[PDB]
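Novice: Below you'll find the sequence and an experimental structure to go with it.
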Amino acid sequence: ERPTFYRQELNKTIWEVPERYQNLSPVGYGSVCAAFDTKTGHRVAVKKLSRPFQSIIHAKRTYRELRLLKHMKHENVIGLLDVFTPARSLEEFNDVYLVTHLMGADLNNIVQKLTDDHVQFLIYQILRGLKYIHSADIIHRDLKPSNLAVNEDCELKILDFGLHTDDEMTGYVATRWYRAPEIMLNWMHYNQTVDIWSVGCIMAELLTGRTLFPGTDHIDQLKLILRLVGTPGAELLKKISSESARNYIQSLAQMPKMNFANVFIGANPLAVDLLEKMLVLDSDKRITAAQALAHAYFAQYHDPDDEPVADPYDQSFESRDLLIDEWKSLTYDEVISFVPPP
Ligand SMILES: O[C@@H](c1ccccc1)[C@@H]1N(CC2CC2)[C@H]2CC[C@]1(O)CC2
Ligand SMILES: [Cl-]
Ligand SMILES: [Cl-]
Ligand SMILES: [Cl-]
Ligand SMILES: [Cl-]
Ligand SMILES: [Cl-]
Ligand SMILES: [Mg+2]
């Protein structure tokens, strides 16, 4: 049976939601409210999408977000508690609302004086969630401290999957400091190995308290990266598709890889070893999430019987060309077929 909905205007926005959601309070693409869910007892975040079907690009993006959130079922990844529309039919369908557990602090708000044990547990949880994500052939693309939610018990969830413009990535900006060089400069077709570079940048910052590659622009950032990991050899240069990018790289004086024990002074030697395996310029040679979980740095947390993989995820829609109303109808079907978690 369809629940009873109630209407209210909050901060010049109309919200029409099921009675189960009470005490709505604005907190922040879309608009977001905190609420109390009387069915589950959780405090929740409720997001009303802004203009979900205003263009082919926007309609496909709405479908993409709903498909991804419906699939993710893992302790270290954001999940979907509910999705609803007040519409009674496809003909009157206009608005989409998404519901998840309310999170209060990200990794920035946490990072305290972190012990090495704290770094072990936080990085372990990122890699456990990434093993799951990558097993479904999903690439996050935007891992950074503001996209990692952390609670009082140091438990962590990955959120805000890549679903960013040129201006957003320009200058002295945290939106670029965690990106792998091959994607920052469009060197080649990237893959899931981009996320491991980001994990290395995050782990370094938890150990030192400082951003690893805080470049003032794309070129300054590349210079900081190459000073640490070395300039590329002929093997990697062959993999860069742009002749212009290859010519630029070859204009730089050659540099050896630095000694990571003299950069990360005083850190656990096992942490230093893991950083050397994540921060490798050639993405083909980086450690994977599944391999990293078995590294000795995580010995007190690793349990191979409690590191699950995902159900298969069909992304064939990404190469499909449809009209606005066809993306809209596919989205409607996914709203009405949602089954809540236990
Ligand atoms: O996109 C928002 C969202 C809300 C409800 C369901 C699904 C997604 C997401 N929420 C997640 C809330 C759990 C904390 C926050 C505001 C913007 C943000 O992008 C990142 C932090
Ligand atoms: Cl209800
Ligand atoms: Cl509607
Ligand atoms: Cl950030
Ligand atoms: Cl040289
Ligand atoms: Cl699927
Ligand atoms: Mg974010």
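Specialist: Received it, and whenever you're ready, just let me know what you need. Numbers count the residues shown, from 1 in each chain. Ligands and ions are numbered 1, 2, ... in the order given.

Novice: close to ligand 2, is stretch 82-92?
Specialist: No: for stretch 82-92, no contact with ligand 2 is found by Cβ under 5 Å from the ion; the gap never falls below 9.5 Å. The C-beta positions use only the backbone N, C-alpha and C, and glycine is treated the same way.

Novice: Also stretch 42-53?
Specialist: No: under the criterion of Cβ under 5 Å from the ion, stretch 42-53 makes no contact with ligand 2; the nearest approach is 12.9 Å.

Novice: can you tell me if that stretch touches ligand 3.
Specialist: No: Stretch 42-53 does not reach ligand 3 (Cβ under 5 Å from the ion); its nearest approach is 9.8 Å.

Novice: so how far does stretch 30-46 reach from one end to the other?
Specialist: Taking Cα to Cα, to the nearest Å, the first and last residues of stretch 30-46 lie 10 Å apart.

Novice: outside of that stretch, which residues touch it?
Specialist: 10-11, 13, 15, 17, 19-27, 47-50, 81, 97-103 (Cβ atoms under 8 Å, 6 or more residues apart in numbering).

Novice: mind redoing it with 6 Å?
Specialist: Contacting residues not belonging to stretch 30-46 are listed as 13, 20-27, 47-50, 97, 99-102 [Cβ atoms under 6 Å, 6 or more residues apart in numbering].

Novice: filter the residues you listed to the buried ones?
Specialist: The neighbour-count test (16 or more other Cβ atoms under 10 Å) marks 20, 21, 47, 48, 49, 97, 99, 100, 101, 102 as buried among the contacts of stretch 30-46.

Novice: Tell me how far residue 166 lies from residue 250.
Specialist: From residue 166 across to residue 250, the span is 25 Å (Cβ to Cβ, to the nearest Å).

Novice: what's the single longest helix in the chain?
Specialist: When the chain is parsed with DSSP state H, its longest helix is helix 116-135.

Novice: other SSEs contacting the next helix or strand along the chain from that one?
Specialist: Remark: after helix 116-135, the chain's next helix or strand is strand 148-150, criterion DSSP states H and E. When contacts are defined as 3 or more Cβ pairs under 6 Å, 6 or more residues apart in numbering; DSSP states H and E, strand 148-150 packs onto helix 107-110, strand 156-158.

Novice: ok, and what's touching the last one?
Specialist: Looking back up the chat, that one is strand 156-158. With contact meaning Cβ under 6 Å, 6+ apart, strand 156-158 is reached by 76, 77, 78, 122, 125, 129, 148, 149, 150.

Novice: Can the one helix or strand residue 245 maps to be said to contact ligand 5?
Specialist: In this assignment (DSSP H and E), residue 245 forms part of helix 243-250. No: against ligand 5, helix 243-250 shows no contacts by Cβ under 5 Å from the ion, the least distance being 9.6 Å.

Novice: and of the buried ones among the contacts of stretch 30-46, the nearest to ligand 2?
Specialist: Comparing the buried ones among the contacts of stretch 30-46 against ligand 2 with Cβ to the ion places residue 20 closest, at 3.7 Å.

Novice: from the stretch 101-250 of the chain, which residue is nearest to ligand 1?
Specialist: When scored by Cβ to the nearest ligand atom, the stretch 101-250 of the chain has residue 103 as its residue closest to ligand 1, at 3.7 Å.

Novice: Get me the contact residues on the stretch 51-200 of the chain for ligand 4.
Specialist: 144, 145, 146, 174.

Novice: 8 Å - rerun?
Specialist: 106, 107, 108, 144, 145, 146, 147, 174, 175, 177, 178 (Cβ under 8 Å from the ion).
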